[PDB]
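Asker:
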Amino acid sequence: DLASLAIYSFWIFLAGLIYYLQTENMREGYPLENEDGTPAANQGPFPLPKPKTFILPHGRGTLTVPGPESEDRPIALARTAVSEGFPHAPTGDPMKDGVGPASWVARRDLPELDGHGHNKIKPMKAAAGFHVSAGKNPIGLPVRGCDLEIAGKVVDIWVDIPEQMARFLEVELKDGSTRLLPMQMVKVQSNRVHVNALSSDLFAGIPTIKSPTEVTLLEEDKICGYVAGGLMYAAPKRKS
Amino acid sequence: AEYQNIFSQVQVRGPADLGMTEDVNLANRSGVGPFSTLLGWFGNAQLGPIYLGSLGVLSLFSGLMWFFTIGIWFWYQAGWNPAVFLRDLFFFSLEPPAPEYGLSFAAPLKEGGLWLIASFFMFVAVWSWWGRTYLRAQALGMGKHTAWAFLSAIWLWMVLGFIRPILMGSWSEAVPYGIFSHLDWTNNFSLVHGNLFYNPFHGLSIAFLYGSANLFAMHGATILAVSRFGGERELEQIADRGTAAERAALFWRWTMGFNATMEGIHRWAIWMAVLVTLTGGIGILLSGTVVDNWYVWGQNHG
Amino acid sequence: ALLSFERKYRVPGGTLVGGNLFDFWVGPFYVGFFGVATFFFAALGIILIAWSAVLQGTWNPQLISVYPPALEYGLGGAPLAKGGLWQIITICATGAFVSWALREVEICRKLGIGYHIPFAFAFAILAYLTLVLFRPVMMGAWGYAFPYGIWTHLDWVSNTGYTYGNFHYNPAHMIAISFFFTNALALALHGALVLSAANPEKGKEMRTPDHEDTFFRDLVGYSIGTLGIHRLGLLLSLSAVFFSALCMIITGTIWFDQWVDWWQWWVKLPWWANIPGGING
Ligand code: BCL
Ligand code: BCL
Ligand code: BCL
Ligand SMILES: CC[C@H]1c2cc3[nH]c4c(c3C)C(=O)[C@H](C(=O)OC)c4c3nc(cc4[nH]c(cc(n2)[C@@H]1C)c(C(C)=O)c4C)[C@@H](C)[C@@H]3CCC(=O)OC/C=C(\C)CCC[C@H](C)CCC[C@H](C)CCCC(C)C
Ligand SMILES: COC(C)(C)C/C=C/C(C)=C/C=C/C(C)=C/C=C/C(C)=C/C=C\C=C(C)\C=C\C=C(/C)CC/C=C(\C)CCC=C(C)C
Ligand SMILES: CCCCCCCCCCCC[N+](C)(C)[O-]
Ligand SMILES: CCCCCCCCCCCC[N+](C)(C)[O-]
Ligand SMILES: CCCCCCCCCCCC[N+](C)(C)[O-]
Ligand SMILES: [Fe+3]
Ligand SMILES: [K+]
Ligand SMILES: [Mg+2]
Numbered sequence: 001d002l003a004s005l006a007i008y009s010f011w012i013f014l015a016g017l018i019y020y021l022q023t024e025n026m027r028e029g030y031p032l033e034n035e036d037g038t039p040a041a042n043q044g045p046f047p048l049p050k051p052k053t054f055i056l057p058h059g060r061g062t063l064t065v066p067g068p069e070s071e072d073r074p075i076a077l078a079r080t081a082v083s084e085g086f087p088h089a090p091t092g093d094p095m096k097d098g099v100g101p102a103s104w105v106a107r108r109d110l111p112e113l114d115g116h117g118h119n120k121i122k123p124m125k126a127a128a129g130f131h132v133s134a135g136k137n138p139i140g141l142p143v144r145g146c147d148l149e150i151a152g153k154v155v156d157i158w159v160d161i162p163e164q165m166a167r168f169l170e171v172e173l174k175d176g177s178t179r180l181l182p183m184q185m186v187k188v189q190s191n192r193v194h195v196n197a198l199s200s201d202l203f204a205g206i207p208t209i210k211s212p213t214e215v216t217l218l219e220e221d222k223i224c225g226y227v228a229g230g231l232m233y234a235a236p237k238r239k240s
Numbered sequence: 001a002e003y004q005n006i007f008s009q010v011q012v013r014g015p016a017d018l019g020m021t022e023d024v025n026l027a028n029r030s031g032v033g034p035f036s037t038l039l040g041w042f043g044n045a046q047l048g049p050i051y052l053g054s055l056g057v058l059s060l061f062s063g064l065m066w067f068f069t070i071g072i073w074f075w076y077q078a079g080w081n082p083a084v085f086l087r088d089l090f091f092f093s094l095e096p097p098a099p100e101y102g103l104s105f106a107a108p109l110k111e112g113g114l115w116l117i118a119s120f121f122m123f124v125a126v127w128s129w130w131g132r133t134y135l136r137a138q139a140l141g142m143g144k145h146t147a148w149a150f151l152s153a154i155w156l157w158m159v160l161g162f163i164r165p166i167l168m169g170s171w172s173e174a175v176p177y178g179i180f181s182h183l184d185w186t187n188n189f190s191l192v193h194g195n196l197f198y199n200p201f202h203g204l205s206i207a208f209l210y211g212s213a214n215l216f217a218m219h220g221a222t223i224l225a226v227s228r229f230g231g232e233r234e235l236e237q238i239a240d241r242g243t244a245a246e247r248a249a250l251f252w253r254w255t256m257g258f259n260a261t262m263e264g265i266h267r268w269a270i271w272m273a274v275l276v277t278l279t280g281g282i283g284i285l286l287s288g289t290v291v292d293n294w295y296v297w298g299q300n301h302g
Numbered sequence: 001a002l003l004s005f006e007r008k009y010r011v012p013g014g015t016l017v018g019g020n021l022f023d024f025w026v027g028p029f030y031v032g033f034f035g036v037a038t039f040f041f042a043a044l045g046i047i048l049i050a051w052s053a054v055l056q057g058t059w060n061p062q063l064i065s066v067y068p069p070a071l072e073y074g075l076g077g078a079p080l081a082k083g084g085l086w087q088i089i090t091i092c093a094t095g096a097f098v099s100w101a102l103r104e105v106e107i108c109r110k111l112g113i114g115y116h117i118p119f120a121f122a123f124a125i126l127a128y129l130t131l132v133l134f135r136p137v138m139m140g141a142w143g144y145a146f147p148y149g150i151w152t153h154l155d156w157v158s159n160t161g162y163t164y165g166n167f168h169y170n171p172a173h174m175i176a177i178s179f180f181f182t183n184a185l186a187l188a189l190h191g192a193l194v195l196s197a198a199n200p201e202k203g204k205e206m207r208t209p210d211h212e213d214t215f216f217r218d219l220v221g222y223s224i225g226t227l228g229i230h231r232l233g234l235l236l237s238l239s240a241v242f243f244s245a246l247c248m249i250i251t252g253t254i255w256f257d258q259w260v261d262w263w264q265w266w267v268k269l270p271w272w273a274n275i276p277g278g279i280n281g
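Residue numbers (this note's numbering), protein chains in the order written: chain A, 1 to 240; chain B, 1 to 302; chain C, 1 to 281.
(1) Rounded to the nearest angstrom, what separates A139/B and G221/C at their Cα positions?
(2) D160/A to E214/A, Cα distance in whole Å?
(3) In chain order, what residues of the same chain lie with their CB nearer than 8 Å to the CB of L103/B, ignoring the 5 residues before and after it?
(4) Taking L111/C as the query, report the chain A residues whose CB atoms sit under 8 Å from its CB, ordered along the chain.
(5) Can we count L131/C as close to ligand 6, meaning its CB is less than 7 Å from some heavy atom?
(6) Just to confirm before moving on: does the CB-CB distance between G135/A and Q11/B stay below 8 Å?
(7) Note the first and the last residue of the continuous beta strand (DSSP E) segment covering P90/A.
(8) Could you pull the DSSP bridge partners for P123/A from this structure?
(9) With 9 Å as the limit, tell me which residues of the stretch 217-236 of chain C have their beta carbon closer than that to any beta carbon of chain B; keep them in chain order.
(10) Which residues in chain E sit within 9 Å of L17/A, going by Cβ to Cβ distance?
(11) Quick one: is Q62/C buried, meaning 16 or more other Cβ sit within 10 Å of its Cβ, or exposed?
(12) Which value, in whole angstroms, describes the spacing of the CA atoms of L141/A and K153/A?
(13) Within a Cβ cutoff of 8 Å, which residues of the same chain sit near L173/A, ignoring the five residues on either side of it in sequence?
(14) Does at least one heavy atom of ligand 5 sit under 7 Å from the Cβ of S172/B?
(15) Looking only at DSSP bridge pairs, what is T69/B linked to?
(16) The beta strand (DSSP E) spanning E170/A covers which residue range?
(17) In angstroms with no decimal places, state the Cα-to-Cα distance between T226/C and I265/B.
(18) Confirm, please, whether the CB-CB distance from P94/A to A102/A is below 8 Å.
(19) Quickly, what does DSSP pair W255/C with across the bridge? List them, please.
(20) For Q46/B, which residues does DSSP report across the bridge?
(21) Is the distance from the Cβ of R228/B to the Cβ of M185/A below 8 Å?
(22) Just the C-alpha distance for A15/A and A273/B, rounded to the nearest angstrom, thanks.
(23) Please check if any C-beta of chain C sits within less than 8 Å of the C-beta of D114/A.
(24) Against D240/B, what residues of chain A qualify as contacts under a CB-to-CB distance less than 8 Å, listed in chain order?
(25) Of the residues that make up the stretch 191-211 of chain C, which ones have a beta carbon closer than 9 Å to any beta carbon in chain B?
(26) Near ligand 7, which residues have their beta-carbon less than 5 Å from any of its heavy atoms, given in chain order?
(27) Chain C beta carbons: is any one of them nearer than 8 Å to that of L32/A?
(28) Does the distance between the C-beta of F67/B and the nearest non-hydrogen atom of ligand 4 fall short of 7 Å?
(29) What residue from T160/C, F40/C, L111/C and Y169/C has the CA that sits closest to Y30/C's CA?
(30) Applying the criterion that 16 or more other CB atoms from any shown protein chain within 10 Å of the CB defines a buried residue, is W294/B buried or exposed?
Next up, the structure:
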């Protein structure tokens, strides 16, 4: 019976497909590890796939995955129990240490490039001739933290050139230096910009960028990690 | 208090973006369209440019001919009366030839021939458009995933209008061009074949369809939730995993015990979706050609 | 066991109930208060479905079915073998689903992300509740709900639909389907685009979002963008389910005749009701 054969075959095909998909999704994070770094004994019934190689543009190299997995950074946590499966308590200040929801990944300390090889992300001032086209222009607005104190003022918007979207607000602090705040973690209002994730004292603690008109992937992760970490770790100083 | 990234709060505009060049013949791009601020609260503001070329014109022309051929028959059914046209807009229908004419191209205009004409224009417009999705990837040095995926849709459409009618020996087995009439065709097809709920390929199709809504709600929400770490910049998270990609993986690992990569999720996606029309077209193709009644077939658990 | 990058994220915090009491994992799974609730509600529910299988007297998965009280019971309880189990199982299901969402919330908090995922999941739950709680209550009986069985619930879909003729003519159903189909189209395209950029022709470098924008513009004159398409997928699939629930919440409550006949409002408009010619004159 043709329909019987078709259905049996499909179920067989579908099982191969799930295997192909499951294994393809094991090109990062695997092999599994114990809470201490070493390979866990039980990896599961799915083997790692044969490697593949992405050729990166702009002379940036290749990526080959799966490949040796390391964090390439200190992880300031410690065990809080004597067996697998409990939490790992921060050993210093988890905001400053970049652990927990403040985590960052050791990405390439260069900036993402557009398809022409130029920095994808620039402050608007250096991006010709980008301008706010709709909505309230935040530039000029004082920035308020979750303690309801002004931490600074918005002095530019960093924009993604090829996608034409705001990505950070550059904010100036009491001391005259600036910080990037992710666009996605501010509420632009009519008389201010509000930042629920950070109290006003934690702005200075935001990771700073090395050159004032570009940002690297590494710096982006440190900034975004830090600001989001604020939700958990600045929730003592917040507030009704 | 907290913001959600469903709509942008601030738009920014720069020079119209004309696109990457690679091996594309730039003679064939239009120039940019207007910018829509309205669009810009949700996605991009920029309309255009678009690429024409010979295939594009063929498709577009051919596709309009299909559409106007259907619309000429509708005005006719309305005795050229505008008020009646709007009124009965969803009740008109350009029906295929009656079974007597089988697969012959002999049926008069008013009794099938017009349907064949419109079907011809559609066949040309779609396949030209398929070739278009391949060719525009090729010009840019990209993989052919979009044309392979589109081919899955085409398979169902081909089975409904062309492959199944031929195997059943008659054009009268095909789907009519009309809003209500196509739904009636659909219902009638289930009834006549013993209820499609008993067709395992139909039930798979469904699983995939509902599965696609699962998966895109899931994926879509995930990227939005990690979009504060740049999650939507997926191609760079692939080349260089960041905390966005890791928190995404980990949400799912902690929720349901396994998880994807920033690349592989898109393979789950391309497949969940294409399997809808893929299993679906098999289901229809077998209907009446090989199985007359899915209830019955189903009783012989096989 | 831990993914290679996982440890740094396994910190204390983000629980909504219980503080540190259920703040741990079991293998890959986060637990939490709501992980315990989920286990309880699901385990109870499965136990009871199996008990129901014993009263119905089968262990075949393609035959186990748990029906709601007959209509004659209205909105009251019914003995366990005659709809009560369904009633308890429905409470468990709802318990388990809502707990699953609140646990998702706890995971979001720990991980410092947005709440979009459980918010999205909550639409699926609202659809389930439309069919098993809201709609039955507005109609006056648990018996208008669907039974828990693989093939039997399909039987209920067919019977419920054909009570109103071709359910195709339910206009909220039309919209729902439109979103389901559009969603799948979008899913196919999105997956295909990203993969075509990350996996180009043999030997070439990875393409960029610039190429993905350029591709769609080339093909159809517009690209919605990499943020937009995720916004779109979320919206299409949620809109499908919202309209699914709407198409059912109205059926048997504010509209209860043949859905085909609903469309006569349009045809019967004074301006053209009586003009002859066409399909309806
Ligand atoms: C939505 C409108 C209708 C409905 C109409 C249909 C139609 C029409 C079909 C199904 C089909 C299915 N339905 Mg249904 N179904 C409904 C509501 C439900 C509910 C519920 C509300 O709780 C559940 C759990 C299911 C589950 C199922 C599966 C048995 C099957 C494939 C679903 C799928 O892949 O979705 C997408 C989701 C995923 C891919 C995620 C994976 C989900 C897995 C597969 C769920 C397993 C369910 C398990 C057998 C139930 C036992 C629970 C125990 C406690 C473990 N339906 C309502 C009443 N359903 C198909 C079928 O083949 O039926 C025989 C089919 O054709
Ligand atoms: C009473 C009716 C019957 C029924 C009769 C049928 C029939 C008949 C069929 C289905 C099919 C399907 N059914 Mg059913 N089905 C029933 C009840 C259900 C229920 C439910 C009750 O809950 C659900 C969820 C479904 C779900 C589904 C889908 C899984 C499947 C269609 C997949 C798809 O993406 O098609 C949509 C996608 C396409 C049709 C692809 C088209 C692509 C082409 C190339 C596009 C050309 C565009 C054109 C040129 C226009 C251009 C204009 C633009 C603006 C430019 N059915 C009942 C039992 N069903 C189909 C299937 O596959 O069955 C196995 C099918 O033929
Ligand atoms: C002959 C039957 C009628 C018809 C009668 C009906 C009836 C009756 C209904 C529909 C409904 C639908 N119809 Mg219809 N419909 C017909 C033909 C179609 C056709 C077609 C191509 O012809 C299509 C495409 C559709 C499509 C649709 C959708 C709009 C909708 C189903 C999706 C949904 O509600 O999800 C919503 C999703 C859910 C309810 C799933 C909830 C999931 C829960 C929250 C979680 C479950 C967890 C599970 C237990 C986990 C297991 C654990 C393991 C780990 C896996 N119908 C024909 C004409 N249709 C349904 C609808 O709108 O419902 C609101 C509905 O009730
Ligand atoms: C496999 C699962 C899903 C799927 C996948 C899918 N569909 C796809 C693709 C893929 C991967 C494409 O690449 C292709 C595409 O290009 O998408 C953007 C496509 C496509 N899917 C489409 C439709 C479609 N897909 C559907 C479904 C699905 N597609 C499945 C759910 C459905 C359903 C659910 O019924 C529809 C209706 C098209 C948007 C496109 C195929 C385009 C095509 O073939 O074009 C020919 C026709 C014309 C060129 C013109 C028609 C005339 C117009 C109706 C009116 C006039 C307007 C005109 C544009 C104005 C011009 C005026 C002039 C005077 C200047
Ligand atoms: C306003 O007035 C004007 C005149 C401007 C225009 C108005 C036009 C109107 C109102 C148009 C309305 C069109 C509608 C409602 C179209 C609806 C179409 C639907 C619902 C189609 C659904 C399904 C179609 C299918 C499955 C078709 C499949 C077709 C094929 C597979 C093509 C097969 C080709 C054939 C049979 C020809 C083969 C011939 C040769 C020579 C090989
Ligand atoms: C799918 C494309 C259509 C998009 C239309 C959406 C318009 C809604 C705009 C919300 C306004 C946002 N706000 C409050 C910041 O101004
Ligand atoms: C991309 C792969 C996703 C896998 C989803 C599989 C769900 C299977 C549900 C069973 C369908 C039942 N039936 C009647 C067709 O046999
Ligand atoms: C891709 C954008 C097009 C959306 C099409 C969705 C199909 C439904 C058409 C009816 C409009 C829906 N709504 C909510 C405005 O009523
Ligand atoms: Fe994506
Ligand atoms: K500028
Ligand atoms: Mg779901």
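Note that beta-carbon positions come from the ideal geometry of N, C-alpha and C, so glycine has one too.
Answerer: In brief:
(1) 16 Å
(2) 11 Å
(3) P165, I166, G169, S170 and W171
(4) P101
(5) no
(6) yes
(7) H88 to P90
(8) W158/A
(9) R217, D218, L219, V220, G221, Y222, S223, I224, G225, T226, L227, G228, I229, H230, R231, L232, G233, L234, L235 and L236
(10) This model lacks chain E altogether; the protein chains it does include are A, B and C.
(11) exposed
(12) 6 Å
(13) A151, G152, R179, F203 and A204
(14) no
(15) Note: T69/B sits in no beta bridge, so no partner.
(16) In the DSSP assignment, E170/A falls within the unbroken beta strand (DSSP E) covering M165 to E172.
(17) 15 Å
(18) yes
(19) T251/C
(20) According to DSSP, which records beta bridges pairwise, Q46/B is partnered with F35/B.
(21) yes
(22) 17 Å
(23) yes
(24) At a beta-carbon threshold of 8 Å, the residues of chain A lying near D240/B are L63, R107, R108 and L217, ordered along the chain.
(25) Within the stretch 191-211 of chain C, the residues whose Cβ lies closer than 9 Å to some Cβ of chain B are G191, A192, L193, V194, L195, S196, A197, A198, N199, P200, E201, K204, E205, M206, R207, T208, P209, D210 and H211, listed in chain order.
(26) Here the residues come out as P200/B, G203/B, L204/B, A207/B, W271/B and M272/B.
(27) At least one chain C Cβ lies under 8 Å of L32/A.
(28) yes
(29) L111/C
(30) Of the residues assessed, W294/B falls on the buried side of the cut-off, its CB having 16 or more other CB atoms within 10 angstroms.
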